[PDB]
Structure formats: C-alpha cells, structure tokens
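1. below is the sequence, then the experimental coordinates.
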Amino acid sequence: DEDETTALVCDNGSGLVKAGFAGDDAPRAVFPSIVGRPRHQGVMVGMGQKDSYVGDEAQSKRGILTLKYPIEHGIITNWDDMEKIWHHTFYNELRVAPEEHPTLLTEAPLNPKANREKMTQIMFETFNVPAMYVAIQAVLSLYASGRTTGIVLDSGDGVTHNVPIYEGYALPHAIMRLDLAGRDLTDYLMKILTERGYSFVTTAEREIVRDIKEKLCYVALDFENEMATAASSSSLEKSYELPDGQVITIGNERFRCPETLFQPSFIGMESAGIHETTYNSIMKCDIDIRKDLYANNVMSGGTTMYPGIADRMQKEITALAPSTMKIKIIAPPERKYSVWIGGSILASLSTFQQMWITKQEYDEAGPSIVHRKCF
Amino acid sequence: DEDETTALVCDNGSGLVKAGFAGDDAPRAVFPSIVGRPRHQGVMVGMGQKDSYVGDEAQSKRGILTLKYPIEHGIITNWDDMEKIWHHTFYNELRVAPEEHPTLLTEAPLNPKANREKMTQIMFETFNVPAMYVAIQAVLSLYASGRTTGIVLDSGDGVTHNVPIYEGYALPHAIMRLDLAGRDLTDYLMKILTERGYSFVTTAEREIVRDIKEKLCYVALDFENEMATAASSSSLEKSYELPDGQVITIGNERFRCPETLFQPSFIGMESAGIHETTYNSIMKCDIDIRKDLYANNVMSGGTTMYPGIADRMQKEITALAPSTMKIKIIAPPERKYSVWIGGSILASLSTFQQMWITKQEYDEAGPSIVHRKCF
Amino acid sequence: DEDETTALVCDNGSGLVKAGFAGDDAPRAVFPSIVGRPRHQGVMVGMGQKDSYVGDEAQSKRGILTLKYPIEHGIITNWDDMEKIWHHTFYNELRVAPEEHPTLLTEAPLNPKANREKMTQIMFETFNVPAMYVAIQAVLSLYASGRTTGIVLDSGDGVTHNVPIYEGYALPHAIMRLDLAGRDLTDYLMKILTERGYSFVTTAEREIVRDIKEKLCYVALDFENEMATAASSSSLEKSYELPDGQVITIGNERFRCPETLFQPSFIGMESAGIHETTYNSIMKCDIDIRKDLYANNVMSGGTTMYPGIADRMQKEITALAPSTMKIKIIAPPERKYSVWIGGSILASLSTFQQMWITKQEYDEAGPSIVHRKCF
Amino acid sequence: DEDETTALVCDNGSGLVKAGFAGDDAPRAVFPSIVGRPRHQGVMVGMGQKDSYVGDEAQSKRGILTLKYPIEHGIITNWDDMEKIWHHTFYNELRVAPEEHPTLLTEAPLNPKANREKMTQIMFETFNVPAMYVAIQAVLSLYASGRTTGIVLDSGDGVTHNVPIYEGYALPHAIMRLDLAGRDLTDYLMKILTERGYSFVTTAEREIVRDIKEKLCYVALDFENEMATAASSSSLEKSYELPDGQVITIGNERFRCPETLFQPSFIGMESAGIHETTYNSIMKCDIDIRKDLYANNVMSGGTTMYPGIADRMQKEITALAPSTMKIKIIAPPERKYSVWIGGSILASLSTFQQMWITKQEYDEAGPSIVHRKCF
Amino acid sequence: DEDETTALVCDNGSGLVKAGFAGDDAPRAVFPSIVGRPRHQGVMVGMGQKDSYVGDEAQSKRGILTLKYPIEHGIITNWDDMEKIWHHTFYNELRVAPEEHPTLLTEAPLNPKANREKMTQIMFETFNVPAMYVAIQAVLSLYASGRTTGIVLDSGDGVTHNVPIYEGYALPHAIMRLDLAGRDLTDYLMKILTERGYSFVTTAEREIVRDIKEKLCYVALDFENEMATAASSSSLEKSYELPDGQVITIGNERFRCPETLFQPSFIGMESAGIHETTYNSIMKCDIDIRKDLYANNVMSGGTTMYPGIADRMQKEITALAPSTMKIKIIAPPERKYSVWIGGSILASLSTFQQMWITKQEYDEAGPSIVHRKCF
Ligand SMILES: Nc1ncnc2c1ncn2[C@@H]1O[C@H](COP(=O)(O)OP(=O)(O)O)[C@@H](O)[C@H]1O
Ligand SMILES: Nc1ncnc2c1ncn2[C@@H]1O[C@H](COP(=O)(O)OP(=O)(O)O)[C@@H](O)[C@H]1O
Ligand SMILES: Nc1ncnc2c1ncn2[C@@H]1O[C@H](COP(=O)(O)OP(=O)(O)O)[C@@H](O)[C@H]1O
Ligand SMILES: Nc1ncnc2c1ncn2[C@@H]1O[C@H](COP(=O)(O)OP(=O)(O)O)[C@@H](O)[C@H]1O
Ligand SMILES: Nc1ncnc2c1ncn2[C@@H]1O[C@H](COP(=O)(O)OP(=O)(O)O)[C@@H](O)[C@H]1O
C-alpha cells in the first residue's frame, strides 16, 4: 500500500456490501445493500443534511424513508448509486482512494451479461481504478471452507446456488442459481402476518421483519409434528417484543417460515426445494464421485444460520441419498461473510493479479475483455 | 538392482499391467489397464492432481473420471498413453530408473509387426533402457508350469490364443489367435442385462460389471440343465448389492454369459468357442503329438478362473475328442499370473539376458533389431 | 371389421397412441400418450367431468390438471391407465369391441422383459382380444418407407434406433437403441432460460416447450458458425407469442436446443449423438453391407421432420464416410407415423395371421408365449 | 440335340463349375463351387426368397451368408447340394434336361474311391441321365495344349498335379496330386494379414482375399532380392483399394504369397515345391525321355496365371535340370478353364460315347462299373 | 573285449543297425537307420535335446522331427551321417572306444567301388580302428541257417538278392541283386490308402505305416482267390486301431500290399518278380547243382517274415520249376538277424581275425587294401 498493489476485497452482494482489505479475515465495512429515498415530505429550513441515502446511513432512518433495493435478484437495477456505494466504501469507510488499489467485487452466477461490463465501466473509466475482478460468487465460498471438491450450497441474500465444483474450475453441469434465499423468506413472512392479525405493510418495517425472522425462527425437523405441538406449545410459543414497542407473539410461525426455504409449496410456487437440487446435481455425476459430494455438503451464507438448520440437512439429505456413502455436513461456525472470506484468499495470491482485469485492458481489448477473464 | 542389471518383469497386456522386478516372486505392482480422464465439470478451485490419470491413481476415482482402455485385443491402441504408463510404472510404481534396468514386457502372439518396433523404440530412445525383450505371451505360461509341451489356452483379456507349444516353439501352421477373452465377455453381460432392469451405460460402472462377473458369474456345467432349474429360481438368484442404494439379483445371467464364451453366436459373432479351436489346432498337429496334447491341455490367463470354468473343459473337449488317450486338463490353482510368474523364471536366466536386445544394438540395426533377433 | 377379422394397428409407444385398423393409411384415432390428473382443489359443486383424463382429453386442459406421462424411456411407467388407454382406443374412439378384432402394438427394442408380458396380460386376460402381437418398432419403419435395405434412423417419439437392416433382419449387434430424444431436449431449453431471461417450470408449460421446439427450432449446419452470426441477430431472432400474453423472442435458441440432439455434450452427458452412432454401427458391420448403408441413409421418425436436420446429415454423414461409396439420403415426405404405417402393411398380410399370438395360446402355454413369438 | 446324343462338358471342380456344351470353346456357365448358408438371422416377413444358396447366387450375397465349400481337397463333403448344383447347371444356366444329354464331370486324380460311385449314383438313379463320365482331370489339360507327351502341371483351385503322360494313357509313375494350389494360397494370405494389421477373419471376406491375391501378386524371380527393394519400394509398394471401402497397402506382401506356392516352408510345412516334383518325375524316367519332358513343360490352371509366373519357371527348372536338353515353357494364353477345354475335345469324339458309362451299365454291372471305366 | 581284441559284429543295413560285439548271441543294439532333424523351428530357451537326433534316440521322438534315411537300396547314400550313426552306436551303446576294438561290418553284394573303401576309411582313418573286415552280407545268412550250399534269398530292407552260394566261393553265373525289399513295400502301403481315403505320406508317420505292415499284413495264398473272397467281408475288413483313435478298416490291403513284393507291376515297374529271378538263376546252373538248390531254397532277411510268405514258395516254385525233385523251403523260425548271426560265428573263429585287415595295412597298401581281400 502506497508502493504495493494490495487490493481490497468487496463482496458487493445483494445483502451486505462486505468490504474489507486483502488478506484480512474480517470485513471492515459491513453495511447493507439498501439505498434509501425520502417519503416524509414537507417544508424545510433545517434538514437532515443528506438527500441521497446509502448503506448503514440509509438504514439509520426508516421513518423518513422508503428503502430501495439496488440489487434484486442479483440484477443491479440502478447503477447511478453504485458509484456512490463504492465511494461510500473506499473513501468513506475503508478510507482509501480508488487509485491506490484494485477492487474485487462479486458476480452472482449467471448474471445478466451486460451488468458485468456495465459495472467495470463505472470503475475504470469514471472512478479510475487500476484493476478489478468480478469473481464468481459461489467459488469463493468453497475456498473459505478450505474445500477443493464438493457441492457449495451458498444461500446468500438474493440467490441460492448448488454449485458442484471440482479441483480445477468445473465445466457446465447442474451448477445452478435460484432466487429463494433470505429476501424471499422476508417476503413470505409478511404474507403470513396478513392472516395473523399483526400489520406489516411497507419497506420500513420489512427490514424489521427480516430481523424477527433471523434470530428466532428455528428450523423444524418436520413442520407437521411441531404443528401439532402448537396446540399446547410451551417452547414453540414465545413473544418477540418488537424493539420499538409491541409484542409480536409467534407460535406456529417460527418453524413455518424456515420450512418454506426447502418447500416452495408453502408460498404457492412450483420451485424445487434446495435439498432436491442437491440430489439432482450429485446423482447426475458419476457413481464414484457421489461419495465425496455427499461427504462434503458445504452450506454457506447467512440464510443457513437459522437455529436447527444443521440437523435439517441430516434427514433431508439422507432421504434421497443411498446407504453406500457417508453423509456429512460442512458448516463452518461463521458463514454469512463467506464470499467475502474467499476473496480475501484470492488476494493473498499474486496470480490473482494476473487473473484480474487491468485498467489498461479495458481500453486495449474493447469492452469484451470482461467476459474474457470471467467465463 | 543397484548392483546388477536385473530387469523388470512386465506383463504389458490388455487386462492387468503385471509389473515387478526380475527375480521377484510376485507382481508387486498390479493394476488394471485404464487411463482416467475428468468429467467432474462445475466450479473448480481444487484439482484432482492429474488430467491424464493413469493406472492405480485413476482406479481410485470412478465418479469423477471416464475410463479409456489403452491396449485392446493385445494391440496397443494408442502409444502416447503407453508412454505416460511407463513413466508411471518405472519411476512411480517401481521407483527406479530405466537408466539402470532392462525390461521384459509381454507380446500377445501374432500382433501387428509395428507394435514390436513401436515398443522397443519408446524404451531405447525415450527411457535409454540398457536392454529389453517383449516375449511372447502364451509361451510364458508354459515356463510357469514347468511344462514343455501342450496346448495353451491363454485367455488374457481381449485375446484368446490356441498355441500348441513345444520347446522348439510351434511354427505358424498350428498356433492361432482369436479375440474372445475377459473384456469381451464384460460387454456382453451388460448386453443381456439391458433388458433385465439395470443400467451400465458409462465406462466407470462397466468396470463394476467386470467385478460382478468375477465373483458371482459361475460357468454352467450344462447350460440347458440349469436353464430348467430357472423354473424354481432360488440357487440361480443371489443379489449383488451395489452401494449406491441398489441390489443386483442375477438369475439365469450368472451362467448365461459364461456359455457365450463357448458359443460366440449369442454376440452375433460367427466364430467358434474355446473348446472347438482346441480340436482344430491338435488335428493340425502331427499324429505323434496328439495323445499328449490332450494330456497337456494348459488353460491359462485370468479369464479361465471363473467358478466352474475348468470342469466345462472336462466334458466339452471330451465330447468330440477320442476316448483313446488320457484327457487331463492342466488348470493350476492360480493362473492369473501365469504369464508373470513364467516371465520371472526367464528373467532369472542369463541366457535370456543374452537373448534380449541391448540399447546399442538398436542404433546398430535400427528399429528393425526386434525382428532381426526375435521373429 | 365385424365381417372381416381386420386387426388394429396400434403404435402404442412414446408418440401418440396411433390407432387405426389393419390396412388403414392413417391412424384414424390419434390422441397422445400423456395422462392427465386433477389439482383444482377447494369446494366443488360440479366435477371436471372426467376423474382421470386420457389422451386428447388430458392434453386439452392443463391449467386444472398436472400431467403425468405413463410411458417414459420406452418403459411403461404405469400400467393402470394403459388399461383405460386401450379402452379409450377400441371402445370410445373407434367404437369397437376388443373381442371383435386382434391388436398390433409396438415394442421398442430392448424393452424390459416384464413389460412385454404385463401389457399382454391385461389385454388378453382383462379385455380379451382374439389375438395380438407386439411388433418391433424399427422394422416396421423400413417397410413404411418402401425400402428393404438401408440404415434406418428411426427416432420414434422418445427413443432413437439406428437399425441397419437387410432382407434378413439384423441380429443383436449393430442394432442399438438410445434415449436421447425430443422430450429430453424439452428439458434442456427451459434449463438455459434461467438468467438468460424467460421462465418455464411445470408440466403444463413443458408441453409448450415441446411446441416451441417443433415449429421454429431448426438445426444449425454447425452451431458455432450460426452462433457468431448472433452477434447481430436478424436471421436468428423471431417471436413466438405464447397465449397468456407474452412474446418469446428466440435468437440462438432456435438452433441451440436442436444442436443438443446431435451433441449431448452441451447437456453434460457423456453419451454420443445419434450421427456418431451411425458411423459406429456401419464400421461394426461387414464390408459387403456398407456400400448400401451410406447410399441409402433412411431417415425416419418424428425427429427427422425437424427443419434443417436433413441438410445436417449431408455434412454429418459425409464427414467420416469413405469416398468409396455413394452417399444419399432417403427422406420420406412424412415419417412421424412411420412405425404405424409399416405395422399396417404387416396387419394387411396373411403370413401375420400365423405371426401373432392367438388369445387361447396365452391361457394354454403360460405368459412366456409373448417372448416365444417376439423373441 | 433332340435327336443327337450331344453331351455337355462340366468341370465340376473345386473352384468353378465350368459347364458348357460339347465341342464348345467357351464354358457358358461359369460360376463358383461355393454353396452359401445363412448367418444373418432375425425375423422375416419379406425374405430374400431363397434359403438354399448355390454358385453365383450364393456368391451374390456374402453379408447375410457364410460360404460353405462343398469340395475341399477334391473330396465332396456334401452330396445333398450336388444334385441341386447340377440342377442349377442343367436346368437353370444351360437350360437343358438331364435326360436330353449325358454329363461329363471331372474326377480330381486319386480321388476317394467311394465318391466316384457316389456321384454317378445321384445322376443316374436320382436325376436320370443317359450317361456320364468322370474323367481324369489332369489328362484333359494335356489335350487342351494339343500335347500328347509331356508333364502336365495342373494347379487348379484345390489340387496341383505333376502328371507325366505318354502318347497312350500312362502306367503308374510319379504321377501325383497335392493340395497346395489356389485355395491354400488364399489361406496363407490371411495368416499374413494377421501380422500386418488389416483384419480379415471370416468366409465372407476370404473370397475378397482370393481376389486381392489373383490380380496383383506378381511372382518374384527371387523373393529375397525384391525383399531388400521393399525398403524404398516404388513399384512394389501400391495400395489395392478394397472395392467396397478401404485401402489395402501391399508392399512385401505381393511377391510373398506367390513365392509360397513353390516354397511351402513359408507356411511352416514340409511339403515339396512344385518345381521339386518336376525334377523328381522327369529324372526318374529314362535319360532319353528327359529331353521332351523338359521341352514340354505344361503349366495349366488358373493359379499359374499370376504375373511373372512364366519367368519363374525359367530359373526354377534350370536349377536342377542339366545342360544336355532344351527347357521350354508351354503356357497357353488362357489356362484357367483347362480341364473344361479338354473335355470339350473328348465330346467331339464318338469313341468318347463308348468310353463313357451308360445309364444301363450301372444297373447291369453293379456299382463297380464306375471304376471299371475310370482306371 | 579287454581280455581279447574282440571286434564288433555289425550288419550295417538299411532296416537296422544290427550292432553288437563279437562273441554275442544277438544284436543288443538294434534300431532302424533313421536320423532325425528338427522341423517345428521357433525361438527357444528349452531344447529338443539334440538337433541331429540319431538311431534309437531319433526313433523315440518323431513329432518334432523330419526323418532322414542314410542307406537306401543297400547303397550307403550318405556318409556324413553314417559317421555320427557309428558315433552313437560304438561310443554310446557299445560303451567302448573304436580306438580299441576291430570291426565286423557288412558288404551288400555288388555295391559301387567307392562304397567298400569309403566305409572302411572312416573306421581306419577317423576311428583309428585296429582291424576290421567288411564281409559279404548274404553269405552270412547261409552259415546262420546251418547251410553250406544253397540259394540265399537274402532280403534285408533295401536289397533283395538271389545268391546261389557254393560250398566255397561261388562265381558270377547266377548271383544277382535287385532292390525291392522292405522299405519299397512301405511306400506302397501309404500309396494304396490314398485312393482308399487316408494320408500318411510324410516321414514321421511313415514309420508308423511300417509298423502296420509287419504285424498285420499277411500275404495271400493267391491275390486272385482272396480277391474273389473280397465278395464277402468279414475275413477282409478289421479295424486297425492306430493309437490316436484313428480306426483303420483294411480289407484286401493286408494281402494287396504283400503281392506288390512279388509283383513290381502295381508300382509301374517293368522289373520282374523276385520269385521269378529265383528260378532263373537255378535253371542257369547245371543239373548236378539244381537238385540240392531246390532242396535248399534258403529264405533269409527280415522281408521274408510276412505270415504266408514261405508257404507261398511251395506253390510258386513248383509252378514254373520241375516236379522231379524235392522243393524244400528252408524257412528258419526267425531271420531278422540272419546276417548278424553269420558274422557272430565268423567273428567267433580266430581264423577270420587272420583273414581280416589290420590298421597299418590300410596305410601300407593304401585304400585299395579293401578290394584286395574283400572284393
Ligand atoms: N443468523 C442468521 N440466521 C438465519 N438467516 C440469517 C442470518 N443472518 C442472515 N440471515 C439472512 O440472510 C440474508 C442476508 O444475506 P447476506 O449475507 O447479507 O447477502 P449477499 O450475499 O446477497 O450479500 C437476510 O435475508 C438475512 O435475514
Ligand atoms: N475369477 C476370474 N475369472 C475371470 N476373469 C477374472 C477372474 N479374476 C480376475 N479376472 C479378471 O479378468 C481379466 C483377465 O485378464 P488378464 O489375464 O489380467 O490379462 P492381459 O494378459 O490381457 O494383461 C483381468 O482383468 C482380471 O482382473
Ligand atoms: N415437422 C416437424 N418438425 C419437428 N418436430 C415436429 C414436427 N412435427 C411434429 N413435431 C413434434 O416434435 C417432436 C418430433 O420428434 P419426436 O417424434 O418426439 O422424436 P424422438 O424419437 O427423438 O423423441 C414430436 O414431439 C412432435 O410432436
Ligand atoms: N488370373 C489368376 N492369376 C493367378 N491365380 C488365379 C488367377 N485366376 C484364378 N486363380 C486362382 O486359382 C483358384 C481358382 O481355380 P479354378 O480354376 O476355379 O479351380 P478348379 O479347377 O478346382 O475348378 C483360385 O484360388 C484363384 O485365386
Ligand atoms: N517279423 C516280421 N514280420 C514281417 N516283416 C518284418 C518282420 N520284421 C521285420 N520285417 C520287415 O522287414 C524289413 C526290415 O528288414 P531288416 O532285417 O531290418 O533289414 P537290413 O538287413 O536292410 O538292415 C522292414 O521292412 C520290416 O517291416
């Protein structure tokens, strides 16, 4: 730094802009991926001294704002804020120039192809960065576990992926991405608060909804059996005092939202459970490889941190998995910051310098340079 | 070794690469002739530590690989892999230099003229081997036994040979070759199983078919009498559990594939079984040899070790053979390494040392040294 | 009929249930072979008229039904409906008694051996028909075309066969069958639409996928060469309006799924396309057979009605064919019902009166009569 | 004819049933001596309309058949077809009744004595023929040259003969027959295709092998000297494009198979060269007769039509022949049809009517009438 | 021997090397004159144990050999091997040096002038032999019979002799030699089986033929009457189970082959009968010599031992010989060693030692010392 290239590590995901420096094991800046916009209206004389709201600063105020989500479904809908997000990352959190170091940002797999170019364009040309790489999300989570073969089950905010990866980067398989992760479960809960009685309509309390979900809603081994227990619950029934005033009694609700993740039928969707994809991708592969795919079940992303998520994959997996192989869940103590931890690993590499896309490359090999390095 | 020339004893055949040192008593290194290649696909950051997997290292994996077979019919299909094989044999499976040992390899009788030269060349030019000879397959099973005359029914893995042998070795007027050994039987077993109800499409589980064959498909004493027992299947069936959650009950199939051995008509092949050729080759031989050819029916190679295999040649041969000579089937308890063990004995003789072709001789007489020394 | 024995001709395969009578030029009753099942749910006042939908009746509505396919892989996956399908054939769509006429059905090559009997047993024992035979799929397609010698590339409606045929009918050997089919392709198109930007899921729109395939998706002469022309689409992009209200611009898609037929490598499957097998099967054959196989490339089945596929076989076939024999495609003008037409010819011969199984033989000799006649 | 006896001329040899009429110089029917048998198997509806295959009709199809050889080694193994051969000759080629004319067939010298009777038996008694004679093969070839003393060297398909004949029919000498002619050379070539690399196993391509031999494989003056020339051949090395697809490179092979005829050591036999028999038979005869035996070296039969066969007998003969006599090869422009040309000569004789065996004679002088006229 | 000079007694003839010492009663060492040479070829590490198999050692094995003959027609055809034949006879069976013992050999009457000297030369010059006499062959059977005068019909194996012998030394006026004995009979049996339906031409199995002749083949009483007995078959045909399971029914052949002895006419020889020459030589002699010549028709040599041979000469002789005297066949019990016994006698008298030629006498009067005593 100031004479060494030394990159950053940015996991500009759809849930947290997990930024931090190269070779670190903690992301310095962690702040949401919601950009805020007013709705309070009125006159002014004094003001909040802002009018453009970004990350944690956006989050701060919710009572005066409607919280827009720049990245939905791994597609960045609004690019105008993205320079300013990254200006909030480099200048205003990490306290660095875009010029001093590259920037490793994340690509959510099977991304819309125009975004890959569009992003770089904002960086190099408009925000002068010496280099950058838009890595493949899921792959970074493999390296985080220290695994080098397995089935990476990354359920981050916006997208879930069942990615079988081999020692050397895999050839197209049933490597897949699906929207069914954390945001979606946030949107399901609100459905179910509609038939409850408690009111939660807008963006501003939707984030509060996402909070009520994360820290309580344990993953039932089977919904139906804990459903019957709901009748004379004692440990299923507790009140989650809303931390700004209200009691939010949650009975059946607690293991109703987590079960939805693996059974999209509770929404009224036809999508496959994430444990179905697990079977599909592993069975497809040669008989002698299934043993190691089922041995190494990597489960990263914050969504796979609900209480009792671990014991859920012990029956779900054994269902449509044979008796000819060991079945063992890999779930590292922390796993929310999983794509960011992996990029840090790459940045400790000097080959990643030459596996990243240079400033000069953009002008020298046209815009298609992007897809030339990310394949 | 390390003090004397002391060769290798190598059975570079199409079934097992039976490697070892000369003067050794067993092939220390023994591993099938399979070259592995990827098909993991997906996201790789790890590495299987090869791309062109070979031998035992390939054999480990089956679920990540596709299995090529480099010597088919005792004919080296691709010599480029043979080069990678020997680089794995000498250096990494025997942990010796070839710039030290001579090498005894095997030749399936009556091969292409080129194989003999192609083999010698890779040895002298690409391993600087002090000397080597690629002795003639079937003949060696004769030296193993201590026998000096007989009819060698070497059924290796792609090739069957009816070599009536004498100490002044038989001329090409009695010796015969026909493709009908072990690999050819494997692709029939699955054939008749496709209509059963199990699937053997990919290569890696074709190998599994080869396993099922050896340790459960016994040779029918009379196909027709065991066919009739099929009405009351009980002794017929017996499940071979395959650990991917399946059970493989095999009925008439257990003895159906072995009768194909003796009747190529079920293949669609118009050729004669192994018990017919026996007659042909003795009837070609001189009258004053035929009683002892029948005394000395040597039945070698790993294919001729299925349960009940030997006893079929006690009734079939005797069928259209005379009743005027003592029929004794010579089928030792072990005849897998019949060629390998015989190849040790010759590699412990010093006249076989002067019978084999030195490094320098190859420059003195070209590639053609082979056919100048051996025929 | 009712005054003549007049059999049926039924192509009870993976296509439609093509029924009609012996010596008919068309299958008068034609309705598919998908079976429909309810899923309307809730309070119900009337009824959907039918409980289980069969044939055409099922195909009609899909928005109230979830669509089973009782026959997948040429393996009858559910027998219970087959009974109503033949009841739907004779009684309500041709309005005859099964006891009036015999029945000619199809057997796809290397069917499971129980399926052959199972079918017969419900027909003869549970519906009674004076006689019936389950003829061999491909062989009928030869006589339909009018040839008597060639390479029949009968790609029926779920199952592909490369049958080199002669005046005598080929023995198991270079007659092969493979699952690699239109219905399999259907699941490859929906696959690629994920982040590309379209959505297809359920059963009811899987059938629409099959539609999008047939009438717009033509096979590239070489994918890679029309792929690059994609760069600016003009001859690629066209719109397929889908009823629901939504436009389906298809660029590369037109020839991307169709190439996958000839190239299961893009699926992720190790298997070889059907034109590789065409070479394989011909090199397997004896040389006094090969000149007429390339000379008369008979291209049968509903898969060779795909647009730009015949022209695909002018370069695919000619590629690894000797220039020592003429090569010329025999393409019939229509060949979807090639197996039905050919079976009609057989049901219009009297030699067939003795080539079929009479009702009474089934009770008289145990169910192995099936395999006694169609071996 | 229809009032004149007028015989046929039939050379029912082991290579061609050379039939034609009396006094002709062309055999009308010439067609092989191979009777065909199926091996294609299968079902049938249409068929080839035959199931018994005979001569050229047999030859036609090879891809559906295995070609049996009724006459091997001048011994007719299958008599069942022989009526049908002769029915294919008289009725179906020459277009005559067996009753209208006699039939002159050939006896290969030193024939198994039961065959002479066995043949007549089929004719007179079962196929009513007014007369017949089974002439002595070699003798007919003498008359063809117009010679009346010499040494007849008939190398037809199955048997070679060195027959010294005097003006009047000879008294037993070293008049001999040997199997070493054309068929045998066909069987040697296949040996040598085994060590080449090209595959030719069965009956069906063996006839093709016989073709590759006849029209290319020139007779070396000395093998060994043209062997050295093989190194940088230009006129020795040419490719015999197989006329149904393949190139068949033939180098050393060309003058390797023809040299075998005179040197049985290349097989691995101990038999005498045909030029050794020449010395033996001539030297044995009185000193004053050798001059005319060596003057008239008659070389008939198709086998003695390879290119450079003529110049071969100019050194071979002079080797062990003195300086006291002229040495001159008699080899008529055509000489394949040599036994048939000679019988035509006999049939222009009216003494041959009385030197043939009458219908009536068989019943009137028992079966031994046969050996009474042929001595 | 080691106590007296004691010669050998050798009746060095074509049918056996009848060897022994002087003073013995029978030849100990008896073995046919066959020299073996390899013929199976090939490469080797084992061996046939000789490469110039000779005598008893050659006769044991035959299946790996081609059999040279060194004395034919009682003319020693080759001397090169004869030396080696004696090197196995003297050294290795008689177990003594020829550098240490004299030698009684045989002279077949009327040998060419070199033969008498050539034999003797290898014994004096190369074996150094102390003394030797090569007595005259036929004469010895005379002394063996007890006779002093008579007509010796000495028929060993190569040479038949009609020797009238005087009390002393007869003169040439009726002594004759004709080559027509045993070995000729052998080539006629294999001859007459070829038209019958068998082959046994080659040397290795010719010896077997020779075995069949001697212990089976009996001379008829007259060909013509047992030729008429041929009508019935019961007394003709009888299977000669030849070890190898080859059953050989032979009818007229047992007594068809022996007649050839008395009749060269079936060979095609214009030479007359050996039984004709007997009369001729006695009709040449004076009347005061014939009465006792007919009293003494001495019949010696192993050819004169077929059952039915002797008794035939009571009808043959009396046919064209007078009835005024006693025709008595002196037919000894056994007469295979007939020449060996006569030499044993002579070699048991010391005056024959003194009638024989010492070593030094060879140098002292050159090679012509031979014809000086034994002319
Ligand atoms: N401890 C937790 N238990 C279960 N779900 C959680 C937990 N932590 C985070 N999540 C959920 O996962 C989503 C946040 O994912 P995040 O890692 O920020 O996303 P991205 O990888 O898209 O940047 C949120 O919906 C949140 O509720
Ligand atoms: N019991 C058995 N009968 C038959 N095949 C067997 C048996 N046991 C092992 N085999 C297998 O069959 C094949 C025999 O071929 P092998 O003799 O090793 O061949 P090559 O001479 O071609 O190297 C081997 O692959 C071996 O593992
Ligand atoms: N003219 C056509 N071109 C392409 N496909 C067509 C055509 N006509 C009908 N189809 C539809 O597409 C499929 C044709 O191929 P299909 O018969 O399914 O073959 P396969 O044996 O490979 O499954 C059928 O499902 C059919 O309904
Ligand atoms: N032109 C030729 N040159 C050399 N060999 C030939 C030629 N013509 C025929 N032959 C060979 O001679 C044999 C055919 O002999 P053929 O006259 O038909 O027999 P037969 O007299 O037994 O009826 C075949 O092996 C064939 O290859
Ligand atoms: N006991 C026998 N009966 C009939 N033939 C015999 C008998 N023994 C020998 N012969 C035959 O007579 C010939 C052998 O004569 P032999 O005395 O050995 O000859 P030579 O005096 O030339 O050495 C052989 O052909 C043999 O088959």
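-> Ah, there it is. Residues are numbered from 1 along each chain as shown, chains lettered A, B, ... in the order given. Ligands and ions are numbered 1, 2, ... in the order given.

2. every contact and neighbour count from this point should use C-alpha atoms.
-> Noted.

3. just give me how far stretch A:160-175 sits from the chain centre.
-> Chain-centre distance of stretch A:160-175: 18 Å, with C-alpha atoms, centre = their mean, to the nearest Å.

4. does residue A:301 touch residue A:336 like I think?
-> Yes. Applying C-alpha atoms under 8 Å, one finds residue A:301 in contact with residue A:336, separated by 4.4 Å.

5. joint contacts of those two?
-> Taking C-alpha atoms under 8 Å, 6 or more residues apart in numbering or on different chains as the criterion, residue A:301 and residue A:336 both touch residue A:156.

6. ranges for the helices of the stretch 201-350 of chain A?
-> A:203-214, A:223-228, A:257-260, A:276-284, A:290-295, A:313-319, A:338-346 (DSSP state H, counting those that start in this stretch).

7. end to end, how far does stretch A:57-67 reach?
-> Stretch A:57-67 stretches 11 Å from its first residue to its last (C-alpha to C-alpha, to the nearest Å).

8. ignore the last one, stretch A:365-375
-> Chord length of stretch A:365-375, first to last residue, is 16 Å (C-alpha to C-alpha).

9. what about it, distance to the chain center?
-> So, by C-alpha atoms, centre = their mean, the centroid of stretch A:365-375 is 25 Å from its chain's centroid.

10. what of stretch A:159-166?
-> Per C-alpha atoms, centre = their mean, the centroid offset for stretch A:159-166 relative to its chain is 13 Å.

11. mind listing residues that contact that stretch?
-> With C-alpha under 8 Å, 6+ apart as the test, stretch A:159-166 has contacts from A:73-74, A:108, A:138-139, A:148-155, A:170, A:173-181, A:274, A:277-278, A:281-282, A:293, B:40-48.

12. cool, and stretch A:33-49?
-> Applying C-alpha under 8 Å, 6+ apart, the set of residues contacting stretch A:33-49 is A:12-17, A:51-55, A:58-59, A:63-71, A:81.

13. mind running it again at 7 Å?
-> Residues outside stretch A:33-49 that contact it (C-alpha atoms under 7 Å, 6 or more residues apart in numbering or on different chains): A:14-17, A:52-55, A:58, A:64-70.

14. and the residues you listed, which are buried?
-> Among those, those classed as buried by 16 or more other C-alpha atoms under 10 Å in any protein chain shown are A:14-17, A:53-55, A:58, A:65-70.

15. turn those into a markdown table, including secondary structure and distance to residue D:164.
-> Putting the buried ones among the contacts of stretch A:33-49 into a markdown table (DSSP: H, G, I helix; E, B strand; the rest coil; distance: C-alpha to C-alpha, whole Å) gives the following:
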| residue | secondary structure | distance to residue D:164 |
| --- | --- | --- |
| A:14 | coil | 107 |
| A:15 | coil | 109 |
| A:16 | strand | 110 |
| A:17 | strand | 110 |
| A:53 | strand | 122 |
| A:54 | strand | 119 |
| A:55 | coil | 117 |
| A:58 | helix | 121 |
| A:65 | strand | 125 |
| A:66 | strand | 122 |
| A:67 | strand | 119 |
| A:68 | strand | 116 |
| A:69 | coil | 113 |
| A:70 | coil | 111 |
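
16. keep only those residues that also lie close to ligand 1.
-> A:14-16 (C-alpha under 6 Å from any ligand atom).

17. how about the spatially most central residue of chain A: what's its closest non-neighbour residue?
-> Nearest to the geometric centre of chain A sits residue A:156, at 2.5 Å (C-alpha atoms, centre = their mean). In space, and not counting its chain neighbours, residue A:156 is closest to residue A:301: 4.5 Å by C-alpha to C-alpha, 6 or more residues apart in numbering or on different chains.

18. tell me, how many residues neighbour the one you found?
-> 24 (other C-alpha atoms under 10 Å in any protein chain shown).

19. residues touching it, list them.
-> The contact partners of residue A:301, taken as C-alpha under 7 Å, 6+ apart, are A:154-156, A:335-338.

20. what is the nearest of these to ligand 1?
-> Using C-alpha to the nearest ligand atom, residue A:156 comes nearest to ligand 1 of these, at 3.9 Å.

21. pretty sure the closest one contacts residue A:303?
-> Yes. At 6.1 Å, residue A:156 counts as touching residue A:303 under the criterion of C-alpha atoms under 7 Å.
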